[PDB]
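Written below as structure tokens is the structure these notes are about.
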Amino acid sequence: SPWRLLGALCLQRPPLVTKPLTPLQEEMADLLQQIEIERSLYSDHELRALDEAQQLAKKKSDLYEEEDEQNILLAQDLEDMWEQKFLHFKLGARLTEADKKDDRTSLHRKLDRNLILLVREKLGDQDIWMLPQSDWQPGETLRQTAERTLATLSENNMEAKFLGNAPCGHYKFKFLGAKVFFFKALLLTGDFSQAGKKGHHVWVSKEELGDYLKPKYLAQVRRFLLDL
Amino acid sequence: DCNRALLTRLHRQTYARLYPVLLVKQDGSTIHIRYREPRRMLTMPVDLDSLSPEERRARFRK
Amino acid sequence: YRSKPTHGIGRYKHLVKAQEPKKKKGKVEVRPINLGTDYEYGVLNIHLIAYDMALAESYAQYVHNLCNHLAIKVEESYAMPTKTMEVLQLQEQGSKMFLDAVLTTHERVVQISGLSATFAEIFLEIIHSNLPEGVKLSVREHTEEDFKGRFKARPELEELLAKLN
Amino acid sequence: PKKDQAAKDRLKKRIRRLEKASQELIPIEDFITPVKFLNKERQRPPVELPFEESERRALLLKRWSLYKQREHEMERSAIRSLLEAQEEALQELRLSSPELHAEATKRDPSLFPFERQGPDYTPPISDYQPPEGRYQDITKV
Amino acid sequence: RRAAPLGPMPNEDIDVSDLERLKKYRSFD
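Protein chains in written order, with PDB author numbering: chain Bj, 43 to 217, 227 to 279; chain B4, 35 to 96; chain Bk, 48 to 212; chain Bd, 58 to 198; chain Bb, 27 to 55.
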């Protein structure tokens, strides 16, 4: 019985921004902040603020110079200047996909979730939206084959961190049989050159992944893919 | 799943009051830090990452 | 009695092996058992570095509980000495440096005993998926430098070595 | 030369004596409370938690406990699914070829210096320029 | 002189080797 062997790579991009909080989690965080403030003893800023507030009231009846330079340097004017600087400084836009709503192929598509790469290939007998697979002679290792595939097929300088040498998933189909071994890899930094190429490469999350992948062999990738 | 171990407080008895300051490093990204002196924002500077030639170039540009 | 059939019914010292009445000596001798297939390597240090002490402690507790749940032999769960960096920002118009703030970074290290390749992959996936914000994660082998990092310097020993050389 | 040799011998003896000493760790400042916190405790006023706040806090605690239990259950189900997929893949590898199974059951040397950082609250801003500033360490020895 | 026990011993079920992987109870209750 002839056997065909293929590796395959599942590249996960780390989420850049933290996910938003459930309202239950927001309530819990507010409760934790309140109880932490209650159990706290005192802060230097608050102690100085209350001391200055009492000292001003005492001086309004006893005109005597207790502190000259440090009157508004604690809170008051200083707090207002802090707030002014915070308002003047502007942070980055966390929604870099809602403004676009067009490109599903951008590496900067989603920042809260993890994305995987899907490549479109139309073979002579099959038109498959296929995960990036490989081919190797029996003299090669699966992990080295995956490294060679990510170095060659991706056509870019990309740093992939492999989690473990052991395979992550195995899937077989018999016509003579064939086997595909999916290994998970993590993206560290990729400089994808020629982003306008005709090679349909799409960064895709779990839901759109289930939407795209039709066949049953590729429909079980979510079995070992983290749902997050 | 990044919000798993985020909702916690100081489990100690004696401690000063901390505030959720926004710290921005030399990358353009910000994080939340429990820190006294409730300044609304803190910035990480840099004057040692590069060598003498790049330091002189930066000084000339500034 | 020795001749009675019920001999050794009170035998209990074989059920517990914790009989080390030593002051503080540590073993620190588990070499990585790498046999090709059952790659049961040595002790591993998981370092969590964070400016937020509460967040660092929370994630250390979470990873320790996860290790306990996953039947992982946790050798230790300790804290490295804190590092307090001082921010000296250049004032406007240049030629000045003023104190901005102080940041105290804290490191919590979990020392685990043994692990396999597949379970290590799964554990790393879980850890990096559940990583909080602004926390640096490191996974290293327990070396002499890591063991001595907690200990303080030896100025007298260094001076004696310098005099010898 | 006799005096020099005696000095070297005494240096070696001092080396032995100092190596026979203890290797106590550095005290951790987090676990020890500084003296500056002893004066601010008496000035802290009580909070007088009311009945409605206590009841809503109890409700929130119960909801949080249930949510944490469900989150732990779903995470354990997910790791169980991942482990069963891993063991199925390993068994298929063992059935197919033993050499690849043996080559994969070992850990690569590249995983020893595993470094990793978590997410951030704000995505990085392109062409961001920190103005200036120098770092120094004030950590005590 | 040794004699054979007249039945199963109480603590002969648990394995002596590898005590660290065997779960213990930490409660006097």
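Quick reminder that beta carbons are idealized off the backbone N, C-alpha and C, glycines included.
Candidates the options, of which the one nearest residue i by Cα
{"i": "residue 97 (chain Bd)", "options": "51 (chain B4), 41 (chain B4) and 46 (chain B4)", "result": "51 (chain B4)"}
{"i": "residue 178 (chain Bk)", "options": "189 (chain Bd), 191 (chain Bd), 136 (chain Bd) and 177 (chain Bd)", "result": "177 (chain Bd)"}
{"i": "residue 163 (chain Bk)", "options": "181 (chain Bd), 174 (chain Bd) and 162 (chain Bd)", "result": "162 (chain Bd)"}
{"i": "residue 248 (chain Bj)", "options": "59 (chain Bj), 259 (chain Bj), 197 (chain Bj) and 270 (chain Bj)", "result": "197 (chain Bj)"}
{"i": "residue 88 (chain Bd)", "options": "48 (chain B4), 75 (chain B4), 64 (chain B4) and 80 (chain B4)", "result": "48 (chain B4)"}
{"i": "residue 60 (chain Bj)", "options": "63 (chain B4), 46 (chain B4) and 82 (chain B4)", "result": "63 (chain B4)"}
{"i": "residue 137 (chain Bj)", "options": "107 (chain Bj), 174 (chain Bj), 154 (chain Bj) and 214 (chain Bj)", "result": "154 (chain Bj)"}
{"i": "residue 85 (chain Bk)", "options": "159 (chain Bd), 185 (chain Bd), 181 (chain Bd) and 168 (chain Bd)", "result": "159 (chain Bd)"}
{"i": "residue 40 (chain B4)", "options": "107 (chain Bk), 193 (chain Bk) and 87 (chain Bk)", "result": "107 (chain Bk)"}
{"i": "residue 199 (chain Bj)", "options": "182 (chain Bj), 228 (chain Bj) and 244 (chain Bj)", "result": "244 (chain Bj)"}
{"i": "residue 112 (chain Bk)", "options": "184 (chain Bk), 174 (chain Bk), 193 (chain Bk) and 192 (chain Bk)", "result": "174 (chain Bk)"}
{"i": "residue 212 (chain Bk)", "options": "103 (chain Bd), 130 (chain Bd), 69 (chain Bd) and 58 (chain Bd)", "result": "69 (chain Bd)"}
{"i": "residue 81 (chain Bd)", "options": "53 (chain Bk), 201 (chain Bk), 207 (chain Bk) and 205 (chain Bk)", "result": "201 (chain Bk)"}
{"i": "residue 179 (chain Bd)", "options": "37 (chain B4), 86 (chain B4), 66 (chain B4) and 94 (chain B4)", "result": "66 (chain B4)"}
{"i": "residue 81 (chain Bk)", "options": "63 (chain Bk), 161 (chain Bk) and 146 (chain Bk)", "result": "161 (chain Bk)"}
{"i": "residue 134 (chain Bj)", "options": "61 (chain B4), 89 (chain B4), 68 (chain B4) and 93 (chain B4)", "result": "61 (chain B4)"}
{"i": "residue 177 (chain Bj)", "options": "232 (chain Bj), 113 (chain Bj) and 53 (chain Bj)", "result": "232 (chain Bj)"}
{"i": "residue 128 (chain Bk)", "options": "140 (chain Bd), 198 (chain Bd) and 90 (chain Bd)", "result": "198 (chain Bd)"}
{"i": "residue 140 (chain Bd)", "options": "256 (chain Bj), 209 (chain Bj) and 214 (chain Bj)", "result": "209 (chain Bj)"}
{"i": "residue 239 (chain Bj)", "options": "47 (chain Bj), 56 (chain Bj) and 270 (chain Bj)", "result": "56 (chain Bj)"}
{"i": "residue 258 (chain Bj)", "options": "118 (chain Bj), 132 (chain Bj) and 157 (chain Bj)", "result": "157 (chain Bj)"}
{"i": "residue 74 (chain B4)", "options": "94 (chain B4), 57 (chain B4) and 42 (chain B4)", "result": "57 (chain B4)"}
{"i": "residue 77 (chain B4)", "options": "128 (chain Bj), 140 (chain Bj) and 102 (chain Bj)", "result": "128 (chain Bj)"}
{"i": "residue 100 (chain Bk)", "options": "153 (chain Bk), 172 (chain Bk), 187 (chain Bk) and 134 (chain Bk)", "result": "153 (chain Bk)"}
{"i": "residue 114 (chain Bd)", "options": "117 (chain Bj), 162 (chain Bj) and 77 (chain Bj)", "result": "77 (chain Bj)"}
{"i": "residue 275 (chain Bj)", "options": "186 (chain Bd), 191 (chain Bd), 134 (chain Bd) and 153 (chain Bd)", "result": "134 (chain Bd)"}
{"i": "residue 197 (chain Bk)", "options": "149 (chain Bk), 114 (chain Bk), 155 (chain Bk) and 183 (chain Bk)", "result": "155 (chain Bk)"}
{"i": "residue 75 (chain Bd)", "options": "209 (chain Bk), 203 (chain Bk) and 210 (chain Bk)", "result": "203 (chain Bk)"}
{"i": "residue 130 (chain Bk)", "options": "83 (chain Bd), 109 (chain Bd) and 194 (chain Bd)", "result": "194 (chain Bd)"}
{"i": "residue 169 (chain Bj)", "options": "52 (chain Bj), 63 (chain Bj) and 264 (chain Bj)", "result": "264 (chain Bj)"}
Local Cβ density within 10 Å of residue i, reported as buried at 16 or more and exposed below that
{"i": "residue 111 (chain Bj)", "result": "exposed"}
{"i": "residue 119 (chain Bk)", "result": "buried"}
{"i": "residue 254 (chain Bj)", "result": "buried"}
{"i": "residue 234 (chain Bj)", "result": "buried"}
{"i": "residue 66 (chain Bd)", "result": "exposed"}
{"i": "residue 92 (chain Bk)", "result": "buried"}
{"i": "residue 92 (chain Bd)", "result": "exposed"}
{"i": "residue 62 (chain Bd)", "result": "exposed"}
{"i": "residue 98 (chain Bk)", "result": "buried"}
{"i": "residue 152 (chain Bj)", "result": "buried"}
{"i": "residue 42 (chain Bb)", "result": "exposed"}
{"i": "residue 251 (chain Bj)", "result": "exposed"}
{"i": "residue 88 (chain Bk)", "result": "buried"}
{"i": "residue 126 (chain Bd)", "result": "exposed"}
{"i": "residue 142 (chain Bk)", "result": "exposed"}
{"i": "residue 168 (chain Bk)", "result": "buried"}
Residue i - partner residues in DSSP beta bridges
{"i": "residue 54 (chain Bj)", "result": "237 (chain Bj)"}
{"i": "residue 53 (chain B4)", "result": "69 (chain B4)"}
{"i": "residue 48 (chain Bj)", "result": "231 (chain Bj)"}
{"i": "residue 215 (chain Bj)", "result": "229 (chain Bj)"}
{"i": "residue 171 (chain Bd)", "result": "186 (chain Bk)"}
{"i": "residue 178 (chain Bj)", "result": "In the DSSP output, where bridge partners are listed per residue, residue 178 (chain Bj) has none listed."}
{"i": "residue 204 (chain Bj)", "result": "236 (chain Bj)"}
{"i": "residue 94 (chain Bk)", "result": "156 (chain Bk) and 185 (chain Bk)"}
{"i": "residue 87 (chain Bk)", "result": "80 (chain Bk)"}
{"i": "residue 199 (chain Bj)", "result": "242 (chain Bj)"}
{"i": "residue 191 (chain Bd)", "result": "135 (chain Bk)"}
{"i": "residue 252 (chain Bj)", "result": "161 (chain Bj)"}
{"i": "residue 102 (chain Bk)", "result": "Looking at the DSSP assignment, residue 102 (chain Bk) forms no beta bridge with any residue, so it has no partner."}
Minimum Cβ-Cβ distance from residue i to chain B less than 9 angstroms
{"i": "residue 49 (chain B4)", "result": "The structure shown contains no chain B; the protein chains it does contain are Bj, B4, Bk, Bd and Bb."}
Check: residue i C-beta below 8 angstroms from any heavy atom of the ligand HEM
{"i": "residue 209 (chain Bj)", "result": "The ligand HEM is not part of this structure, which contains no ligands at all."}
### Task
Scan the region 80-125 of chain Bj and note each continuous beta strand (DSSP E) run of 3 residues or more that stays entirely inside, going in chain order.
The region 80-125 of chain Bj contains no whole beta strand (DSSP E) run of 3 or more residues.
### Query
Which residues, in chain order, does the region 129-159 of chain Bk contribute to contact with chain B4 at a C-beta distance below 7 angstroms?
Residues are counted here when their Cβ sits less than 7 angstroms from a Cβ of chain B4; for the region 129-159 of chain Bk these are 134, 136 and 148, given in chain order.
### Task
Identify each residue in the region 162-184 of chain Bd for which the Cβ-Cβ distance to at least one residue of chain Bk is less than 9 angstroms, and report them in chain order.
Here the close residues are 162, 163, 164, 165, 168, 169, 170, 171, 172, 173, 174, 175, 176, 177 and 178.
### Message
To test your reading of the DSSP string, which unbroken beta strand (DSSP E) runs of 3 or more residues are found completely within the region 115-197 of chain Bk?
### Response
Restricting attention to beta strand (DSSP E) runs no shorter than 3 residues, the region 115-197 of chain Bk encloses them at 121-136, 145-159 and 182-188, ordered along the chain.
### Query
If you scan the region 103-143 of chain Bd from start to end, which runs of the beta strand (DSSP E) of 3 or more residues do you find wholly inside it?
You should have found no qualifying run.
### Query
Curious, which full-length beta strand (DSSP E) runs of at least 3 residues does the region 124-165 of chain Bj contain?
Those beta strand (DSSP E) runs which fall completely within the region 124-165 of chain Bj and span 3+ residues are 158-164.
### Task
With 8 angstroms as the C-beta to C-beta threshold (strictly closer), list the residues of the region 171-191 of chain Bk near chain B4 in chain order.
Taking 8 angstroms as the cut-off between beta carbons, the residues of the region 171-191 of chain Bk near chain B4 are 176, 177, 178, 179, 180 and 181, in sequence order.
### Message
Please list, in chain order, the residues of the region 199-212 of chain Bj that have any C-beta partner in chain Bd closer than 9 angstroms.
### Response
Residues passing the 9 angstroms Cβ filter: 203, 204, 205, 206, 207, 208, 209, 210, 211 and 212.
### Message
Can you pull out the residues from the region 88-108 of chain Bd whose beta carbon lies closer than 7 angstroms to at least one beta carbon of chain Bj?
### Response
Here the close residues are 94, 97, 98, 100, 101 and 104.
### Query
When Cβ atoms are compared, which residues of the region 68-89 of chain Bk fall closer than 7 angstroms to chain Bj?
From the region 68-89 of chain Bk, no residue has a Cβ closer than 7 angstroms to chain Bj.
### Query
In the region 111-126 of chain Bj, which residues sit with their C-beta less than 8 angstroms from some C-beta in chain Bk, listed in chain order?
Hits within the stretch: zero.
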